[PDB]
Amino acid sequence: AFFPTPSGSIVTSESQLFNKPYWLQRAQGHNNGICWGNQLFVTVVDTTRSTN
Amino acid sequence: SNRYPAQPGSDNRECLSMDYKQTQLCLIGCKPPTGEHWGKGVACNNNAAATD
Amino acid sequence: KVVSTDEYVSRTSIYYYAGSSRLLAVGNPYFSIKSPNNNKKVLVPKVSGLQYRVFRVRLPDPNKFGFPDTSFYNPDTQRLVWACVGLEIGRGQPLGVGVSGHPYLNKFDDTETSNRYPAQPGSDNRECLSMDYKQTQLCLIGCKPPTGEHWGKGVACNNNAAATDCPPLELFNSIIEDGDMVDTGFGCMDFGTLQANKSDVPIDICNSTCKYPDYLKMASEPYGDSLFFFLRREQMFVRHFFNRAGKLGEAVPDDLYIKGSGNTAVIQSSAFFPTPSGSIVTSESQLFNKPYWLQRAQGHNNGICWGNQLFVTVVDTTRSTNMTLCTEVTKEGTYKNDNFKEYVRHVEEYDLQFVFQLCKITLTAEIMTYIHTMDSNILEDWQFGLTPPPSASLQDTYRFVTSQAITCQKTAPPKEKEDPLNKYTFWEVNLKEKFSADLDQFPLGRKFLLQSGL
C-alpha cells in the first residue's frame with residue numbers, strides 16, 4: 001500500500017498568469033461576453049504566492 | 001533500502017512535511033461554476049458477503 | 001498500382017457531428033481479483049494508467065438514411081461512405097503520476113556509491129521496492145486495428161551443437177488487444193515465459209506481454225489504411241543503479257581484468273539493471289483537449305472509413321493517480337495497526353468528439369474490380385455482387401413434428417458468424433444512435449466553423 005509525495009518544481013516569473021491584461025475577443029460559448037442578472041463569477045487559484 | 005525482516009510496532013506514525021503541486025487557473029462565468037469529486041455512493045440491495 | 005483514395009470518390013458538402021457520452025472506468029490498478037468460488041467471474045477489474053485503452057467505434061450505415069433531397073444520392077450507380085475530418089479526445093482528471101511496486105524484487109546490492117568487498121552471503125535477498133515509470137503519450141487512428149510487436153520465445157534450432165545453454169529469441173507481430181500493457185522501460189518482451197523467477201519487474205508486468213506499436217511495418221503497409229495520423233511524445237531518465245543476484249551463466253573472461261585474491265577470491269555479478277523515472281509533467285506539453293484536422297493523411301486511404309468503423313487507440317501515463325481508501329472494523333480510543341484495512345483503486349474517464357463528412361462513390365466496372373481486391377467483405381454488405389441460390393422446391397415439411405414418422409430433425413445453422421475479431425477484446429462505444437447535423441449546438445462545430453472560413 002504505497003503513496004508517493006508530490007513536490008513540484010521551480011516557480012518563475014516568466015511562467016506567470018497574472019498582472020497582465022486580457023481582451024475577450026470571441027468567447028467559447030454562445031453568450032459572447034453578455035452577462036445577465038448584473039453579476040458574474042470570477043475564480044482564481046494561486047499556489048505560487050503562498051509563503052507562510 | 002528495505003530489508004527483511006520488517007520492523008514491528010503497534011504504531012509507527014511520524015511528524016513529517018511535504019510540498020504541493022504548483023497550479024494556476026482563472027475562470028469567468030455568469031453562473032457559479034460546477035465541480036466534482038468521488039464520494040461514497042451506497043451499494044445495491046445485497047452483496048451477499050463479497051468484500052469489505 | 002494502388003491509386004489514392006481521392007480519385008475514385010467525390011466529396012460532397014454536407015457535414016455531420018457526432019458525440020460520445022462520458023465514459024468511466026473504475027477498478028484495481030494491480031491485479032484482477034477473482035471469485036472465491038469461480039474462476040470466470042471477475043469481481044473488480046484490472047484497469048491501470050499503463051494500458052492501451054483502445055476504442056472501437058461503430059458508425060451507422062449511411063445507406064440506411066432517408067433524405068428528402070434525393071437529387072445527389074442516385075442509387076442506380078452510387079453508394080455512400082463517411083469520411084473522418086476531425087477528432088478530439090478529452091480528459092477530466094487532474095495531472096498526477098502513480099507508482100507501482102513489487103514485494104520480492106531482486107535488489108541484491110547498490111552499485112552507485114559503495115559496494116564494498118567482500119560479499120554478504122545468504123541464499124535469499126529479495127525485498128519490497130517501488131518506482132516510477134517511463135512517462136509517455138501517443139494516439140493512432142485508423143480503419144483497421146493497429147499492429148504491434150513483442151520479443152519472445154521460439155524453437156531455438158536443431159540439436160547438433162552443444163556450445164552453451166542460452167534461450168533463443170524471436171519477435172512476434174500480432175494485434176494490440178485492449179488491456180495489454182505498454183512498454184515501460186524494461187524492453188519490449190514477454191515477461192511470463194522469458195523470465196522465470198517472476199521477481200525482476202513490478203507486479204503489474206510479471207504476467208504480461210509488453211508490446212510496442214510497430215511504427216515501421218504499419219508505415220509500410222501497401223494500402224495504408226491502418227494509420228491515418230499519429231502523434232507521440234515521451235521521456236525517461238535513470239534514477240538509481242542496482243544489480244541482480246544469481247549465477248551469471250555466461251562467464252566473464254579472465255583477459256579483461258586482473259585476477260585478485262584475499263578478500264577478493266569470489267568474483268561478483270555483472271548483471272545490473274537501472275530504474276526508470278519520468279520527470280516533471282506539465283500542462284504545457286499535453287496532447288489532449290485540442291482538435292486535430294486531417295487535411296491530408298499520410299497514407300493512401302485519405303481519411304475514408306471503410307467498414308463503417310474506426311479504431312482509435314490512446315494511452316497516457318500522466319493522469320495515473322491511485323486513490324487509496326482506508327476503513328476500520330472497530331472503534332477504539334487509541335491508535336492501533338490491526339484496526340484498519342486499506343484498499344487501492346484507480347479511476348479513468350474519456351470523451352470522444354468527431355466530425356464526419358459523407359462522400360458519394362461512383363461505381364464503374366473499372367472501379368468495382370479495384371474495391372474487390374482490397375477486401376471482399378466491403379462489397380458484400382452493400383450487396384452488389386451476389387448469385388441466385390439454386391434448388392426450386394424442397395419437401396421438408398410434416399404436419400406433426402413429434403411422432404414416429406420421424407428422422408430426429410435438427411436445425412440452428414451458425415450463419416451469422418462472419419467477423420474474425422471475436423477472439424479479441426475491444427472497448428466498444430456505440431455511435432449508431434447519436435448523429436446530428438446542426439453543428440452549432442455542440443462544443444466542437446463552433447471551433448470548426450471558424451476553421452472553415454465561414
# chains A, B, ... in the order shown; residues from 1 in each chain; ligands from 1
>>> residues_around(residues="range 19-25 of chain B", least_positions_apart="5", cutoff="10 Å", atoms="only C-alpha atoms", output="list in words")
residues 5, 6, 7, 8, 9, 10, 11, 16, 17, 18, 43, 44, 45, 46, 47 and 48 of chain A; 95, 96, 282 and 283 of chain C
>>> write_last_selection(atoms="N, CA and C atoms", output="tab-separated table (two decimals), in the first residue's frame")
chain	number	residue	atom	x	y	z
A	5	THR	N	4.81	11.17	-2.66
A	5	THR	CA	4.64	12.56	-2.27
A	5	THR	C	4.93	13.49	-3.43
A	6	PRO	N	3.99	14.35	-3.78
A	6	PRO	CA	4.20	15.26	-4.90
A	6	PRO	C	4.92	16.51	-4.43
A	7	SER	N	5.75	17.04	-5.30
A	7	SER	CA	6.55	18.16	-4.85
A	7	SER	C	6.50	19.37	-5.77
A	8	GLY	N	6.47	19.18	-7.07
A	8	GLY	CA	6.54	20.30	-7.97
A	8	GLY	C	7.92	20.92	-8.03
A	9	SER	N	8.08	21.85	-8.96
A	9	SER	CA	9.40	22.31	-9.34
A	9	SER	C	9.45	23.81	-9.17
A	10	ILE	N	10.47	24.44	-9.75
A	10	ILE	CA	10.73	25.85	-9.51
A	10	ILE	C	9.61	26.69	-10.09
A	11	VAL	N	9.42	27.87	-9.52
A	11	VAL	CA	8.36	28.77	-9.93
A	11	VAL	C	9.01	30.05	-10.42
A	16	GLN	N	4.14	33.11	-15.45
A	16	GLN	CA	3.03	33.55	-14.63
A	16	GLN	C	1.79	33.78	-15.48
A	17	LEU	N	0.68	34.05	-14.80
A	17	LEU	CA	-0.60	34.27	-15.45
A	17	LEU	C	-1.23	35.61	-15.12
A	18	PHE	N	-0.71	36.31	-14.13
A	18	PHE	CA	-1.38	37.47	-13.58
A	18	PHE	C	-0.61	38.74	-13.91
A	43	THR	N	-13.21	33.18	-10.59
A	43	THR	CA	-12.48	32.42	-9.59
A	43	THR	C	-11.05	32.21	-10.04
A	44	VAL	N	-10.12	32.40	-9.10
A	44	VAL	CA	-8.70	32.19	-9.34
A	44	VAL	C	-8.20	31.21	-8.29
A	45	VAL	N	-7.15	30.48	-8.65
A	45	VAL	CA	-6.45	29.60	-7.72
A	45	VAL	C	-4.97	29.90	-7.87
A	46	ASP	N	-4.29	30.13	-6.76
A	46	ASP	CA	-2.90	30.54	-6.78
A	46	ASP	C	-2.15	29.72	-5.76
A	47	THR	N	-0.99	29.20	-6.14
A	47	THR	CA	-0.13	28.46	-5.23
A	47	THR	C	1.23	29.12	-5.12
A	48	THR	N	1.64	29.82	-6.16
A	48	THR	CA	2.98	30.37	-6.25
A	48	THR	C	3.22	31.57	-5.35
C	95	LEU	N	-3.68	16.22	-13.14
C	95	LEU	CA	-2.40	15.67	-13.54
C	95	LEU	C	-1.72	15.04	-12.35
C	96	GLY	N	-1.56	13.72	-12.38
C	96	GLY	CA	-0.95	13.04	-11.26
C	96	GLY	C	-0.38	11.69	-11.64
C	282	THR	N	4.13	18.62	-17.21
C	282	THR	CA	3.47	19.90	-17.26
C	282	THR	C	2.07	19.77	-17.82
C	283	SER	N	1.38	20.89	-17.88
C	283	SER	CA	0.17	21.02	-18.67
C	283	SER	C	0.43	21.82	-19.92
>>> closest_atom_pairs(of="chain C", to="chain B", cutoff="6 Å", atoms="only C-alpha atoms", output="JSON lines")
{"residue": "C:127", "atom": "CA", "partner": "B:3", "partner_atom": "CA", "distance": 5.9}
{"residue": "C:336", "atom": "CA", "partner": "B:10", "partner_atom": "CA", "distance": 5.9}
{"residue": "C:337", "atom": "CA", "partner": "B:10", "partner_atom": "CA", "distance": 5.5}
>>> write_last_selection(atoms="C-alpha atoms", output="PDB file, in the first residue's frame")
ATOM      1  CA  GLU C 127      12.742  -7.488  -0.870  1.00  0.00           C
ATOM      2  CA  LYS C 336      -3.710   0.776  16.530  1.00  0.00           C
ATOM      3  CA  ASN C 337      -2.342  -1.009  13.483  1.00  0.00           C
TER       4      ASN C 337
END
>>> closest_residue(among="C:47, C:304, C:219, C:280", to="residue 24 in chain C", atoms="only C-alpha atoms")
C:47
>>> residues_around(residues="residue 188 in chain C", least_positions_apart="5", cutoff="12 Å", atoms="only C-alpha atoms", output="mmCIF file with C-alpha atoms, in the first residue's frame")
data_model
loop_
_atom_site.group_PDB
_atom_site.id
_atom_site.type_symbol
_atom_site.label_atom_id
_atom_site.label_comp_id
_atom_site.auth_asym_id
_atom_site.auth_seq_id
_atom_site.Cartn_x
_atom_site.Cartn_y
_atom_site.Cartn_z
ATOM 1 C CA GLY C 148 2.342 -4.166 -32.509
ATOM 2 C CA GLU C 149 5.287 -6.474 -31.926
ATOM 3 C CA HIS C 150 6.918 -8.049 -28.880
ATOM 4 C CA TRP C 151 10.067 -10.095 -28.337
ATOM 5 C CA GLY C 152 9.560 -13.670 -27.317
ATOM 6 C CA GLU C 170 12.309 -14.030 -31.795
ATOM 7 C CA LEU C 171 9.995 -11.029 -32.074
ATOM 8 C CA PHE C 172 6.324 -11.612 -32.797
ATOM 9 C CA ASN C 173 3.926 -9.442 -34.786
ATOM 10 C CA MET C 181 0.433 -3.065 -21.070
ATOM 11 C CA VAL C 182 2.678 -0.553 -22.798
ATOM 12 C CA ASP C 183 6.440 -0.743 -22.760
ATOM 13 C CA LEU C 194 11.211 -15.446 -20.974
ATOM 14 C CA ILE C 205 4.053 -6.668 -15.608
ATOM 15 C CA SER C 208 2.155 -9.685 -19.130
ATOM 16 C CA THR C 209 3.388 -9.091 -22.702
ATOM 17 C CA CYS C 210 4.591 -5.508 -23.079
ATOM 18 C CA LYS C 211 4.046 -4.891 -26.773
ATOM 19 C CA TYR C 212 5.108 -1.819 -28.721
ATOM 20 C CA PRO C 213 3.468 -0.249 -31.792
ATOM 21 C CA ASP C 214 5.344 -1.093 -34.975
#
>>> interface_residues(of="chain A", to="chain C", cutoff="8 Å", atoms="only C-alpha atoms", output="list in words")
residues 1, 2, 3, 4, 8, 9 and 28 of chain A
>>> atom_distance(atom1="CA of residue 371 in chain C", atom2="CA of residue 421 in chain C")
21.5 Å
>>> residues_around(residues="residue 434 in chain C", least_positions_apart="3", cutoff="8 Å", atoms="only C-alpha atoms", output="list in words")
residues 18, 19, 20 and 431 of chain C
>>> write_last_selection(atoms="N, CA, C and O atoms", output="compact mmCIF listing (two decimals), in the first residue's frame")
# COMPACT_ATOMS: atom_id res chain seq x y z
N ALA C 18 -20.91 14.08 -34.53
CA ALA C 18 -21.32 13.02 -33.64
C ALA C 18 -20.68 13.28 -32.30
O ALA C 18 -19.76 14.08 -32.19
N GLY C 19 -21.14 12.58 -31.28
CA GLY C 19 -20.57 12.81 -29.97
C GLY C 19 -20.83 11.69 -28.99
O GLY C 19 -21.97 11.27 -28.81
N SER C 20 -19.78 11.21 -28.34
CA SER C 20 -19.94 10.13 -27.39
C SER C 20 -20.50 10.66 -26.09
O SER C 20 -20.59 11.87 -25.87
N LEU C 431 -22.00 4.46 -31.41
CA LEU C 431 -22.28 5.71 -32.08
C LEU C 431 -23.42 5.60 -33.07
O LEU C 431 -23.63 6.51 -33.87
>>> atom_distance(atom1="CA of residue 56 in chain C", atom2="CA of residue 305 in chain C")
12.6 Å
>>> atom_distance(atom1="CA of residue 315 in chain C", atom2="CA of residue 40 in chain C")
27.3 Å
>>> residues_around(residues="residue 279 in chain C", least_positions_apart="6", cutoff="8 Å", atoms="only C-alpha atoms", output="list in words")
residues 135, 235, 236 and 237 of chain C
>>> write_last_selection(atoms="C-alpha atoms", output="PDB file, in the first residue's frame")
ATOM      1  CA  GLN C 135       6.054   8.508 -18.970  1.00  0.00           C
ATOM      2  CA  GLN C 235      10.831  10.973 -21.965  1.00  0.00           C
ATOM      3  CA  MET C 236      12.611   8.980 -19.263  1.00  0.00           C
ATOM      4  CA  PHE C 237      15.907   9.032 -17.381  1.00  0.00           C
TER       5      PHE C 237
END
>>> select_by_dssp(residues="chain A", states="strand (DSSP E or B)", output="MDAnalysis selection string")
chainID A and resid 41:46
